[PDB]
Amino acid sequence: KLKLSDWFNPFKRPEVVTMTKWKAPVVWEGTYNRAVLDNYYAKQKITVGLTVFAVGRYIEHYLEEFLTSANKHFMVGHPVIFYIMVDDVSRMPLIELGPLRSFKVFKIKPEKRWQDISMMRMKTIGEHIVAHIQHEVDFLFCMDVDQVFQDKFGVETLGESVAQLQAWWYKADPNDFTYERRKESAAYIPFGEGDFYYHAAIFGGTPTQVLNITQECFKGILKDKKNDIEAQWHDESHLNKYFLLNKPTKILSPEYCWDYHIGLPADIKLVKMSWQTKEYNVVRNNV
């Protein structure tokens, strides 16, 4: 029965949004007491999971760097299981893992369109939750592979449902967010609505919550298909609709998923994860 103020002090970061109107914390560098949390979670003997997909040349371009950096920086001090989904196991980089890390690899079907590779993750993650992850971990993160951990990404990020503020939009007004705006899409969010723009590169929660996130997003994806529409930002559009309806119980600041193309402004104090430069001419095979 951890209490928010046990570990979270919004006053340490007075110039950024630290609490939502539904009283979920927005976790910024300086606001969290990791020691308090490491002790608490170690006493419950938690395990944390991490899913990552790499299909096609995303394997060679990003998977090693992702996993090497995750080994070093993700939930250090707690058992972690990396679940790696690839279309060709023969190209899996098999790095050395450190204390309290282990992994397993699964072969998946490569979808033809990169858009569908990205969106089908929703289906696949749920399948894996039901079959095994629910029995293996207390919390799970689902992440894009095209990014690199830069510093500690620890238990301060854990919660029932966890969303990532997207780096380019965190100070914007909702009517500037790139939600899907066509009412024919299941991902539709009208003008005048919206809390934040969440990044689909990182989301998480307990296995139960992540099952519901992924299942509801995939239902939307499938519905759109039947209506011959494809959301503007694919699974991210659906994820944003989900989290509008089912508010996240924790949000991570853009420090947890930063685009250095923006530079490094005052609000980004310690970067925990950075985007890789895009290489679509090589890693994608369709428009």
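Throughout, rigid core stands for the largest set of C-alpha atoms superposing within 1.5 Å between the two forms. All residue numbers refer to positions in the sequence shown, first residue = 1.
After a rigid core fit, does 241-249 or 54-62 show more C-alpha displacement in 6 other deposited structures of this protein?
Result of the core-fitted comparison in 6 other deposited structures of this protein: 54-62 deviates more.
Report the stretch with the higher root mean square CA deviation, pooled over structures and residues in 6 other deposited structures of this protein, choosing between 106-114 and 121-129 after a rigid core fit.
Clearly, after the core fit, the stretch farther away in 6 other deposited structures of this protein is 106-114.
Output the stretch having the higher mean C-alpha B factor in the entry; the candidates are 167-175 and 150-158.
It is 167-175 that shows the higher mean C-alpha B-factor.
Should the higher mean CA B-factor in the entry be assigned to 190-198 or to 114-122?
That would be 190-198.
Among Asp144, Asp87, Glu96, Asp138, where is the Cα B factor highest in this entry?
Most elevated C-alpha B-factor of the set, per the entry: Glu96.
Per the entry's Cα B factor values, which of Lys250, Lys45, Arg57, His234 stands out as the maximum?
The record points to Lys45.
Is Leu63 in the lowest, middle or highest third of its chain when residues are ranked by C-alpha B-factor?
It falls in the bottom third of the chain.
Looking at the temperature factor on the CA atom of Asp259, which third of the chain's modelled residues does it land in?
Answer is lowest: the recorded C-alpha B-factor places it there.
What third of the chain, by the recorded C-alpha B-factor, contains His238?
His238: CA B-factor falls in the lowest third of its chain.
Would you check the entry's CA temperature factor for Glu184 and let me know if it's in the chain's lowest, middle or highest third?
CA B-factor rank for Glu184: highest third.
Looking at the entry's B-factor column for C-alpha atoms only, identify whether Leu50 ranks in the lowest, middle or highest third of its chain.
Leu50: CA B-factor falls in the lowest third of its chain.
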